[PDB]
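Colleague: Residue numbers (the numbering used here), protein chains in the order written: chain L, 12 to 189; chain W, 12 to 189; chain G, 12 to 189; chain Z, 12 to 189; chain R, 8 to 187; chain C, 8 to 187; chain A, 8 to 187; chain E, 8 to 187; chain S, 8 to 187. The beta carbon of each residue, even a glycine, is placed where N, CA and C say it ideally should be.
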Amino acid sequence: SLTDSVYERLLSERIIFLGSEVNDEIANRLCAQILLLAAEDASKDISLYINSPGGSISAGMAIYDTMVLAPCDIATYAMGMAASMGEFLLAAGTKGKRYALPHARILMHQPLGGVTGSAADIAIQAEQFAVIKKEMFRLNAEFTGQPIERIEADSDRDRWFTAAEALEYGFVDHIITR
Amino acid sequence: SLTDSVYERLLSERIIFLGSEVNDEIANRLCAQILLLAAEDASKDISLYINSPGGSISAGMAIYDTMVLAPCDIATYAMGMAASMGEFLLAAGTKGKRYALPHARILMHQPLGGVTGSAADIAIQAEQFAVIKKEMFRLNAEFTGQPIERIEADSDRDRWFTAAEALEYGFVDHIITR
Amino acid sequence: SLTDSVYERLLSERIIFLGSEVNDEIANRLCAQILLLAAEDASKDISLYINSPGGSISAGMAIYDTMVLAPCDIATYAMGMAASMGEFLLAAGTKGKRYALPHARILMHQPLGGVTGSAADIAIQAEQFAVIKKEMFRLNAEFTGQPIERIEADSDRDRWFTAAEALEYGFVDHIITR
Amino acid sequence: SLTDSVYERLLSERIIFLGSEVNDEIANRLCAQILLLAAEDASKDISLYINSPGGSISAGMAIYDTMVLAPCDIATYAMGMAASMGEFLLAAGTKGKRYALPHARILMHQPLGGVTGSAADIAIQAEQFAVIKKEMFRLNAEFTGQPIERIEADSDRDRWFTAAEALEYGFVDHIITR
Amino acid sequence: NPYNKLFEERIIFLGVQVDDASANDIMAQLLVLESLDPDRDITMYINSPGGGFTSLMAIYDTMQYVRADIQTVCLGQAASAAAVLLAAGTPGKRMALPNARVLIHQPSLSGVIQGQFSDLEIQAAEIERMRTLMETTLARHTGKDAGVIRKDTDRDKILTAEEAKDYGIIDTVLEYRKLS
Amino acid sequence: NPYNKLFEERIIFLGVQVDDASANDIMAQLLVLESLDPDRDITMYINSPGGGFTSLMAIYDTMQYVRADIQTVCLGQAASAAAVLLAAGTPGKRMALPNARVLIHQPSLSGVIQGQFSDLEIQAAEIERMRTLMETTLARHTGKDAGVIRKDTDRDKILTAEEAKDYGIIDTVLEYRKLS
Amino acid sequence: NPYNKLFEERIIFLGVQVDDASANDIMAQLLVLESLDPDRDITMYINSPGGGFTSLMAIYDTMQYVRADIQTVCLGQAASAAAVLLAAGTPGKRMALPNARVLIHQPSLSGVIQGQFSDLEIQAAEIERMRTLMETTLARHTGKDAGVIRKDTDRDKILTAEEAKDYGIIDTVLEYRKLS
Amino acid sequence: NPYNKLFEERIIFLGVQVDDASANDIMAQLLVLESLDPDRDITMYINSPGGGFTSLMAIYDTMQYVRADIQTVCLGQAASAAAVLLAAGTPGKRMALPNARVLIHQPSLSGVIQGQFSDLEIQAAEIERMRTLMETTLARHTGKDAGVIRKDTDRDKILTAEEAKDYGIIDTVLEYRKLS
Amino acid sequence: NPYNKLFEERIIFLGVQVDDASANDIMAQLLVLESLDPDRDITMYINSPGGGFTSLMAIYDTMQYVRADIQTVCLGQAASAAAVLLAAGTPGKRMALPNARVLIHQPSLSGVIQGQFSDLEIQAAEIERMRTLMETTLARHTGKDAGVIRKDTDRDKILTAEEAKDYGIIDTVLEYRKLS
Ligand SMILES: CC(C)C[C@H](NC(=O)[C@H](Cc1ccccc1)NC(=O)c1cnccn1)B(O)O
Ligand SMILES: CC(C)C[C@H](NC(=O)[C@H](Cc1ccccc1)NC(=O)c1cnccn1)B(O)O
Ligand SMILES: CC(C)C[C@H](NC(=O)[C@H](Cc1ccccc1)NC(=O)c1cnccn1)B(O)O
Ligand SMILES: CC(C)C[C@H](NC(=O)[C@H](Cc1ccccc1)NC(=O)c1cnccn1)B(O)O
Ligand SMILES: CC(C)C[C@H](NC(=O)[C@H](Cc1ccccc1)NC(=O)c1cnccn1)B(O)O
Ligand SMILES: CC(C)C[C@H](NC(=O)[C@H](Cc1ccccc1)NC(=O)c1cnccn1)B(O)O
Ligand SMILES: CC(C)C[C@H](NC(=O)[C@H](Cc1ccccc1)NC(=O)c1cnccn1)B(O)O
Ligand SMILES: CC(C)C[C@H](NC(=O)[C@H](Cc1ccccc1)NC(=O)c1cnccn1)B(O)O
Ligand SMILES: CC(C)C[C@H](NC(=O)[C@H](Cc1ccccc1)NC(=O)c1cnccn1)B(O)O
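(1) Would a check of beta-carbon distances place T105 of chain L closer than 8 Å to chain W?
(2) Under a three-way DSSP split, which group does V91 of chain C fall into?
(3) Enumerated in chain order, which unbroken segments of the alpha helix (DSSP H) with a length of 4 residues or greater are wholly contained in the stretch 45-115 of chain E?
(4) Tell me, which residues are paired with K164 of chain A by DSSP?
(5) Per DSSP, what kind of secondary structure is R116 of chain L in: helix, strand or coil?
(6) Can you give me the start and stop residues for the beta strand (DSSP E) that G71 of chain Z sits inside?
(7) Using a cut-off of 8 Å between C-beta atoms, extract the partners of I156 of chain R located in chain A.
(8) DSSP on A171 of chain R, reduced to helix/strand/coil?
(9) For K108 of chain W, I'd like the list of residues in its chain whose CB is within less than 8 Å of its CB, leaving aside the five on either flank, ordered along the chain.
(10) Skipping 5 residues on each side, what residues in its chain have a beta carbon closer than 7 Å to that of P105 of chain R?
(11) Starting from the C-beta of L47 of chain Z, find all residues in its chain whose C-beta is less than 6 Å away, skip the five residues before and the five after it, and write them out in chain order.
(12) Three or more beta-carbon pairs under 8 Å between the stretch 55-67 of chain E and the stretch 68-80 of chain S, yes or no?
(13) Can you give the Cα-Cα distance for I165 of chain E and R161 of chain G, rounded to whole angstroms?
(14) To be precise: take each residue of the stretch 165-177 of chain W, compare its Cβ to all Cβ atoms of chain L, and keep it if any distance is under 8 Å. Which residues remain?
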């Protein structure tokens with residue numbers, strides 16, 4: 012395909028794309044792209060451009076752990092939409108290299124999920140939803156440099172950001188003005 | 012495809028991916044990848060990165076037997092999610108080489124299934140569910156180095172683990188902190 | 012595809028896979044792979060690794076006849092699941108070369124089917140179901156080295172086997188303990 | 012695909028496959044394969060292995076006419092299932108070169124169809140069903156060397172054959188016992 | 008209920024598709040009105056697209072079996088089985104209101120009847136027998152030859168009320184009797 | 008039931024889509040009220056989007072056949088077949104309340120009628136006959152030429168109550184008789 | 008209701024597909040009319056495509072169990088189970104109106120019954136027992152040998168009313184008793 | 008209604024699939040007839056393919072709880088739960104008409120019950136308890152050992168009326184009492 | 008109607024799935040019978056798979072609110088909410104017929120309730136409150152500790168009638184009172 016070819020040629024330029032809903036399929040695709048680019052050169056930065064409506068936490072945590080444990084810096088680029096998990100992976104970039112394009116939008120909100128099964132199953136799901144929520148908020152606290160109480164109050168429903176608002180909140184470090 | 016190409020280039024670097032629900036299709040894909048990499052070099056380790064919500068026991072037992080009977084060590088990597096069968100195959104790695112990325116989540120629970128047909132069919136299914144449950148718990152006991160009574164009590168419903176909790180429980184041997 | 016490429020590279024190493032439900036599509040794929048490998052070298056063994064939930068009798072009989080009439084030996088490998096027709100094709104391997112991986116499961120049961128149409132159509136289907144059942148049981152008797160009366164009593168419903176139980180019953184000849 | 016590649020490599024060895032329900036799509040595929048192999052060498056035999064549940068008469072008559080008008084002999088191979096049209100095309104092979112693998116099953120029955128539309132349309136369909144039935148029975152009479160009255164009585168419902176029963180009836184000429 | 012009031016005045020609607028549920032409703036209404044009075048005329052107002060041949064001949068035989076004369080009046084359409092039931096009325100008592108259409112055509116199988124060719128030969132000999140029986144039924148009621156019915160019902164022959172009178176399906180184009 | 012109370016006051020609703028089930032309900036109600044009293048006017052309140060042509064002409068003929076005069080009053084819409092049934096009332100007794108719309112258009116086949124071209128030639132000669140019969144029916148009831156109806160019903164011609172009075176579909180835009 | 012009026016005149020419709028809901032309706036109507044008067048004839052008008060074998064033999068046994076004679080008259084069709092129920096009437100009292108068809112055929116499973124071959128061997132021994140029981144039932148009621156029924160019901164054998172009389176399924180082709 | 012007339016003659020139909028809606032209908036009818044007269048026999052005509060085990064044992068217990076004797080007569084089929092309810096009648100009062108079939112088989116789960124293996128172990132211990140309870144219920148009513156019921160109901164065992172009498176499910180193959 | 012006859016004898020069926028429509032039917036029947044006579048016992052025959060917790064506690068409170076004693080008898084099954092309603096009867100007046108099963112289990116959400124984790128924390132605190140309230144309700148009615156109910160209803164605990172008597176869900180395994 013052409014669309015796979017253009018992504019392949021920017022993979023050669025160490026530019027990868029979180030360009031859809033982060034499910035397990037494209038997370039393992041992005042994790043493999045980060046591992047492949049860290050195997051090629053451990054020094055040159057990986058540009059992760061993020062046009063993402065969010066998605067699975069563990070799929071995004073797979074990308075986040077692959078971003079951190081890569082020895083090269085992951086420059087993240089809010090391109091249009093960095094919502095939910097794509098917001099997270101945007102703010103998960105290397106400090107100083109988290110970039111928002113000027114009309115990208117950043118959506119930070121508490122994680123979505125579902126409860127099902129028996130009451131003992133749901134109580135375990137609730138305990139794990141409280142663990143996922145706390146780790147999503149602690150890492151967003153670590154990314155933005157803001158307290159977890161502010162992250163918890165702001166993510167309680169959908170909190171939208173412009174590139175300038177995400178700059179002052181701490182998701183990104185610069186706004187690209189070429 | 013690009014996603015098949017990036018997995019192919021890390022297959023050259025002996026990095027394979029349990030990146031979806033382990034059904035028979037990707038288990039035979041992973042078993043063939045372990046056989047192919049053991050045929051190339053029987054000494055260099057295979058890195059199995061696991062972003063998996065679990066799946067079929069016999070598909071995972073196919074991967075597990077292919078992991079053990081490969082003469083090379085299978086380094087397993089909890090990447091985001093190692094749940095159910097993906098938890099099992101994570102803990103099924105070579106001892107000392109079972110790794111959890113720091114924000115990966117490990118879900119250990121008793122196997123899921125279904126009963127159907129006549130009462131004599133279901134009684135055979137129940138006997139085989141008791142055999143599958145005992146072998147899933149004995150091998151998780153062998154992996155984690157913990158008693159089968161603790162594995163049976165903890166897997167009775169969904170038991171979630173962080174990377175640190177899976178480290179102290181015995182699913183993994185280290186947490187990657189590059 | 013990568014999954015077709017890894018199966019192609021083990022086809023070069025004479026390793027083929029009964030890795031799904033044996034329908035007519037992958038049986039003709041496996042029959043063509045046995046014919047192609049017998050055309051390359053009539054002396055080196057074909058490794059048939061079987062992760063199969065069973066399937067069509069005539070599709071499996073197509074594989075079975077292609078296995079026998081190949082001049083080279085068909086080493087069969089129970090990998091995770093050898094059920095129904097995949098059990099049959101496992102036990103259909105060359106004697107001494109039928110292998111079970113230690114946590115593979117072997118399911119032997121009488122064939123499944125359906126009756127439909129008029130009573131004269133169903134009576135013909137029943138006569139042919141009795142012919143298929145007798146030939147499936149006689150060949151399982153020939154494979155396992157056990158009487159057809161024991162095969163008929165044991166296959167009456169689902170009879171599950173471990174690798175050790177399939178070893179003593181006669182489906183496989185060894186358990187791989189590398 | 013690999014499955015297209017393995018069929019391509021046996022197409023180089025003049026081995027083609029009636030491996031599904033004979034509809035117009037794979038009949039034109041098989042007719043083109045017979046024309047291509049007769050264009051390569053008009054002397055070497057084409058091996059048509061048949062694992063087929065039957066199908067369209069005119070699609071099978073397309074294959075049958077392509078088999079006869081090919082100057083090279085069409086060796087037919089009952090592999091698992093030769094039912095209906097696949098039975099027909101099995102018995103349509105060159106005399107002396109119609110082979111049944113020993114556990115292949117041969118199903119001979121009168122053609123299936125449907126009546127629809129007005130009574131004058133159905134009366135034309137019935138006249139053409141009587142022409143198709145007579146030509147299917149006359150050619151099965153010519154193939155098996157048995158009278159059309161025996162073909163008509165035996166095909167009235169589903170008549171199943173083993174490889175030995177299809178040998179004595181006349182669908183095949185030998186049973187492969189390598 | 009105006010259906011029950013007309014039934015007490017010995018008036019029956021063939022107003023739906025002629026299937027077995029509709030046929031049983033007509034046959035019950037015909038046999039009650041025969042048992043009420045076998046001498047008074049039953050009026051069968053027919054507004055129907057037709058339907059199944061068995062339910063046709065169930066109504067057809069019951070119309071001919073009952074001692075009461077059946078006044079068939081077509082209203083809107085008497086198509087297929089309903090055209091035959093329109094022609095099945097008592098001679099001299101078959102009407103159609105002037106803008107009712109009468110569609111005659113050969114029988115047809117709805118959808119596809121699958122099966123072996125021996126089964127299909129029987130289904131085709133049956134739909135040919137259904138074709139011949141319809142044409143013979145339309146022969147004795149329209150006064151035309153059954154071969155004339157066969158050529159005319161080879162495809163859809165929609166008649167007006169006047170054209171169905173000339174064809175013999177009805178006997179009188181029923182004039183409007185409005186007082187103004 | 009207010010439907011039954013108005014029926015006892017000789018008031019009928021054409022209030023649904025004109026299909027064969029609706030047509031049989033109207034024709035039963037028209038023929039009961041003819042048998043109750045053939046001299047008193049039947050009032051047919053019409054709120055309908057129209058429907059099938061056969062069920063149109065089933066109601067049309069029955070409106071013209073019964074001895075009682077049919078007062079058609081349009082309420083809301085008299086579209087397609089229902090506009091023809093609105094025009095089918097007794098002359099001088101066809102009303103529409105002032106904000107009722109009257110949609111006249113040529114007949115149409117709902118969906119696609121498949122078939123051989125000989126069958127389609129007959130289906131097209133029939134829908135042309137249905138077109139000509141509708142225009143002839145609207146000719147004698149609106150006082151306009153059938154070629155004028157053909158040019159006007161070539162597409163949807165929605166009339167108001169006043170415009171349907173000038174067209175001849177109704178005879179009186181029915182004034183509001185509220186006492187306050 | 009004309010169904011209830013005919014039921015008071017001891018007339019039952021087998022007018023739908025013979026399933027368990029239809030069978031329970033027939034058996035309740037047969038056992039009430041037995042309890043009303045066991046000496047008067049029950050008339051069973053049959054317009055049915057047949058149906059399930061159990062609901063067949065539920066009606067069959069109940070027709071034979073009740074003290075009243077069962078007059079089976081076929082109207083339109085008696086196919087499958089309904090042909091057997093038509094033949095199941097009291098001898099001398101089995102009728103068919105002249106254009107009723109009678110379809111006899113061997114039993115069949117609707118759709119595909121899945122299962123293990125041991126289960127399918129039992130389902131096939133049952134449908135063979137259902138085949139043999141139908142042919143034995145049609146043997147004692149038509150006067151023909153059960154092997155003759157087996158060759159004739161091997162596929163669909165549609166009989167006319169005259170052909171079902173010669174076959175023994177009915178006893179009299181019921182003449183039209185219309186007075187005109 | 009012939010259902011209500013037979014209910015006044017203390018006759019109940021188990022005529023549908025034995026589910027909770029059917030069970031509540033039977034239990035209401037059994038407990039009304041117990042309250043009407045506890046000494047007269049309740050007749051339970053059974054034409055049923057069976058159904059749920061709970062609705063089986065709901066009807067089973069209610070048949071055994073009421074003071075009135077339950078005359079179970081099988082008509083057509085008494086399959087699964089319905090065969091057990093047929094055997095659940097009062098001893099000496101369990102009938103089957105001669106061409107009724109009686110299908111006994113072990114209980115089964117319809118479809119697939121998903122869940123964890125601890126949940127499935129309980130669902131399997133329950134369907135084994137349902138299997139053992141059915142065989143124990145069929146033991147005390149047929150006079151056979153529960154291990155004999157287990158070997159016989161391992162797959163479908165269809166009995167005729169004579170074979171269900173020898174098995175002990177009914178007590179009398181109910182002879183046809185037709186006067187002619 | 009046998010439902011209405013038993014209702015006049017103060018007998019109520021909990022015979023369907025316990026949802027809000029079923030709960031409103033029970034609560035209306037409980038409050039009418041309280042208003043008819045608050046001193047006579049209401050009998051609640053329970054054949055139910057359970058259902059919603061709100062409709063459970065709607066019936067539960069209404070059973071406890073009415074002045075009349077509630078005789079709960081289990082017939083076939085009392086599963087989930089229905090087991091709690093079975094235990095919700097008046098002490099000494101809770102029965103089960105001997106082959107009725109009693110399934111107790113913790114509450115469950117049918118399907119998946121989507122939402123934000125703050126919404127899911129509330130839905131989980133509610134299903135935990137529903138779990139605790141069910142166990143507290145089963146504590147005061149079975150005489151067992153609520154922690155014993157929690158360990159026993161952790162998965163499906165199917166009791167027989169005898170096992171539900173020992174557990175405290177019923178008070179008497181209701182003996183069969185058949186006279187023969
Ligand atoms: C990243 C967080 C904070 C916000 C949203 N992400 C989630 O919460 C996602 C949305 C999602 C995606 C795929 C499948 C199911 C659910 N939730 C989860 O992945 C999830 C939910 N519950 C437990 C564990 N993980 B985003 O996708 O809108
Ligand atoms: C690995 C175990 C402990 C946990 C879960 N795995 C299972 O139990 C899986 C889930 C599954 C996957 C595909 C199809 C059907 C069922 N269960 C099985 O494979 C299974 C169930 N019953 C008998 C034999 N195998 B995991 O997928 O959540
Ligand atoms: C191999 C035997 C002993 C066991 C099972 N195999 C069968 O019996 C298979 C299952 C199946 C697969 C595809 C389509 C239809 C049916 N049955 C058949 O192929 C079959 C059934 N009846 C007549 C002829 N063949 B296995 O698939 O569970
Ligand atoms: C070859 C004959 C003798 C037996 C069967 N073949 C047919 O009769 C096939 C089955 C089929 C396949 C595809 C589409 C429609 C029908 N029948 C026809 O092709 C057919 C039917 N009626 C008229 C002309 N051709 B076989 O497919 O079971
Ligand atoms: C032409 C007259 C006699 C009747 C017309 N159609 C038929 O003959 C009907 C059309 C129809 C209706 C309902 C269901 C199935 C088929 N044909 C039959 O009933 C029929 C039934 N069995 C075999 C053959 N034809 B009418 O309905 O268009
Ligand atoms: C224009 C007037 C006469 C009627 C309008 N439509 C028609 O003429 C209707 C539209 C319709 C309604 C229901 C089902 C199928 C088709 N045409 C017909 O009924 C019709 C029927 N057979 C052949 C050709 N047209 B109205 O319903 O829009
Ligand atoms: C031939 C006579 C006896 C009856 C004909 N068909 C049958 O025998 C019926 C056809 C049918 C009807 C409804 C649902 C399922 C199957 N066969 C059966 O009822 C049946 C039931 N169980 C096993 C085997 N056959 B008739 O309905 O065409
Ligand atoms: C064998 C006798 C006792 C009853 C037969 N089947 C059963 O036992 C029934 C079959 C059925 C019916 C409706 C819905 C679900 C399952 N089994 C049950 O009711 C059932 C219910 N819960 C757990 C286990 N089995 B019969 O219906 O074929
Ligand atoms: C355990 C007893 C108390 C009740 C059982 N189940 C429940 O608790 C029911 C199951 C159910 C039924 C219908 C619709 C949705 C959910 N749970 C609830 O009603 C429910 C409602 N809102 C929140 C949480 N649970 B029973 O129905 O299996």
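Modeller: Taking the definition as stated:
(1) no
(2) helix
(3) 60-72 and 88-94
(4) A:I111
(5) strand
(6) Per DSSP, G71 of chain Z belongs to no beta strand (DSSP E); it is in the alpha helix (DSSP H), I68 to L80.
(7) Within 8 Å Cβ-Cβ: nothing; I156 of chain R doesn't reach chain A, min ~15 Å.
(8) helix
(9) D56, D84, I85, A86, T87 and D184
(10) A168 and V180
(11) none
(12) no
(13) 27 Å
(14) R168, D169, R170, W171 and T173
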